[PDB]
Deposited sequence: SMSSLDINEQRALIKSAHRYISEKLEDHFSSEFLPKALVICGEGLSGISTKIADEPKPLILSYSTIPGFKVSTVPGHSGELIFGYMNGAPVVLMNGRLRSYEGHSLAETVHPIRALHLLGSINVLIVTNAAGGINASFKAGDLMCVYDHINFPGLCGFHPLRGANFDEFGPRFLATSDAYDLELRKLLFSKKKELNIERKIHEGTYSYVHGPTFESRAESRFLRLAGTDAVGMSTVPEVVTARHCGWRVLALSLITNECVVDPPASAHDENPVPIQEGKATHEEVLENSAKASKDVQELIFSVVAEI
């Protein structure tokens, strides 16, 4: 039943691509642009002119848009806009674009970026983390969109481009924990995540990764550490010199600002990478 919708989306996208591009357009990569990476749009070449499809006109895409064009010589699709389970969408609805795009038969790489809170005590706002594993906490309970998910060669390629491009920004390697949201973590929650083996935490991405793997794609995933998760116990009522409980708290404003500051380095890394998938 949900397959007719997947085929309708494919058919609509297929025919728009035929009408738009002189030559056959077969994207090799899907880039999902998380928080702050929307401007990767500007890396798409003006010739041949891009195709931009609003989600509102693609069957099943529950705003956001798809951008088909050439980036650094490579035909790609950009997802500018992502769907998150805390919005009230089912995980199937969240990964519907991947399954639709998979019917083009040409994508074999998912490059996904997100913002994330730093759980590892050595991470700092402004670092990046190349994801090499994950913990799917909602999946623990059976929320699923449908064995090493994070392709080693693509991770090596990412670090080789950091070097080639002389980007000084730190890129850690570690485990991303997917939690539902939309709250930021309590102190005890973040300490729990740390002891669980979490390096960075966010509210997206993992269902996309799992679906991409199920379609046979390779996956490169990159988190922008936008904030350092508060882990210290809160001020005690017996403290005569307490740290105010509001100090250091996470805000969406901080997430937007720091993802935008890291955006240019991330855009340059992805631009270099896509030419060599």
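- Several segments of the deposited sequence are absent from the coordinates, namely 1 to 8, 71 to 77, 162 to 176.
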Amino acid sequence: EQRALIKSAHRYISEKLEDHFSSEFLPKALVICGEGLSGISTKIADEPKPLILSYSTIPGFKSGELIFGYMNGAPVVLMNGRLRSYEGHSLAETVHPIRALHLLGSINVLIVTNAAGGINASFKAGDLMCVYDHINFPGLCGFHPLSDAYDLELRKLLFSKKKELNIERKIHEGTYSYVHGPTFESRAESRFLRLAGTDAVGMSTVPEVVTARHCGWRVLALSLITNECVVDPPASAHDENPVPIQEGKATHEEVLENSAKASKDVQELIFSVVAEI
From here on, numbers count along this sequence of modelled residues.
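- Stretches compared: 111 to 119, 70 to 78. Higher mean C-alpha B-factor in the entry: 70 to 78.
- As listed in the deposited structure, the average C-alpha B-factor of 137 to 145 and of 82 to 90 is greater for 137 to 145.
- Set against one another, the Cα B-factors of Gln246, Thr211, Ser41, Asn227 in the record reach their highest point at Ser41.
- In the deposited entry, the Cα temperature factor of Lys28 sits in the middle third of values across the chain's modelled residues.
- In the PDB entry, a CA B factor belonging to the highest third of its chain's modelled residues is recorded for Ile13.
- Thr251 sits in the lowest third of its chain by CA B factor, as recorded in the PDB entry.
- Annotation for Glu35: C-alpha temperature factor in the highest third relative to the rest of the modelled chain, per the entry.
- Per the deposited record, the Cα B-factor of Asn258 falls in the lowest third when ranked against the other modelled residues of its chain.
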